[PDB]
């Protein structure tokens, strides 16, 4: 990231701190938790609303020392009153703005917000799981501020969880108790905490909605798939992602050693000696080097992250993913709760920054063999059947004689988001009680209000609705500002938070009390539907056939001779 966005962000960091002190009140309050009393504080929003804020509530023991790479344990209860008027630190990660490593291993906390601690009726509980490829992200209010949602009478909760190698190291040897998915196991225990404690904050423990964007959507889906969380929540929202996206899992059991070797390990490739070295390494050294773990072949085959959710090699007590995601969908308890999914109208536009550095990537579309689903393609991507499958993808996105950056970015929308969603819907239909799934398409474009991800995708002055553009209308961030109440950006906040809280409440996203929706007939997707219908959200809300559907069926045809793998 540029030296200009570094000083610019430094300033907004200094501003956000003064604004956060300014927006604090003296009204402290105490709430009960099953671990002991927590003290929160009332805060202000630039729209002159206010909310009770409980930050830094531990839901697990700090996963430090011997607990590193291990499943989380329950935290130790305290006597007295725990201070929850400040944020705790984020998970150890690379700061996308500076490039420095920030965060702490002591990171397993959650935050609770609401405009009213003593509502006259129990409220819908919304749990947000942040994205960031399982390697970055946080529940700090400078990125995910509860300011828009607390205009509604809900209880909003933002959790953290272990990221990168510290979250998703995986070792084959069953003796060392490092099966993998530690960071997902953090999410589970946070869900259990929210289940047993939300009542103390005015929340309805029988009406809990989990949602997340990108990696947080994949996370949410995992929470819907695993046996560990059965019955914990009641609605799910998958925003630009799910667990069968090709970036949402990886078999990384062999990458532990590589990481050790980058961090200066001397010895042999056996899990034990590898683990002992990783266990005493400085946390920020492991995280800083993660960028270098993937081989050139892996990057070629579009492996996006070295460490992430994995099929655990053996089953232990807190196992989360005992089989591949496609297999878990076949029995998943979460298939039978109300579900909303969606994407933006130009998902792949996110990859502008990457293309700016590697223009050679555009030539991948001459045969498109690199984007053939990996389970179908051959190792070298050179088999005649792979070139054939490649050609189908090519027909779907290469508009001219030569592929462009736009063709590339359009393909990415499908490779990374639309096609996995399709496969998931079809797989789910063959294994579900018949609970509704609704689709949305986020199609509202604005430069007048933005979020920090736009700095990272280099989305400054770039038309179209990229991956993460929707976050801006759900959460306050330190680049946001007060918008006139009649502005299109403000209406979109009202609509988005309106629809999400309505879904959370009833399991049905439609409400005539949301402006723009008076003509809307939002029907869920049925197994007999050849064509998906979605609520397209722009300056006007309109039900339409998914415009991506033709290209979606184009990708599905790659599985013509391999229907069992679809």
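Residue numbers count along the first chain shown, from 1.
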Taking the deposited Cα B-factors and averaging over 157-165 and over 349-357, the higher mean is found in 349-357
So which stretch wins on mean C-alpha B-factor, 96-104 or 301-309?
96-104
Hey, out of 221, 185, 324, 130, whose CA B-factor is highest in the deposited coordinates?
324
At the C-alpha atoms, which of 494, 213, 268, 147 reaches the highest B-factor in this entry?
268
Lowest, middle or highest third: which one holds residue 314 when the chain's residues are ordered by CA B-factor from the entry?
highest
Of the three thirds of Cα B-factor ranks in this chain, residue 281 occupies the middle
Record-listed C-alpha B factor of residue 58: chain third
lowest
Here the Cα B-factor of residue 440, set against its chain, lands in the third termed lowest
Based on the deposited C-alpha B factors for this chain, I'd like to know if residue 507 is in the lowest, middle or highest third.
middle
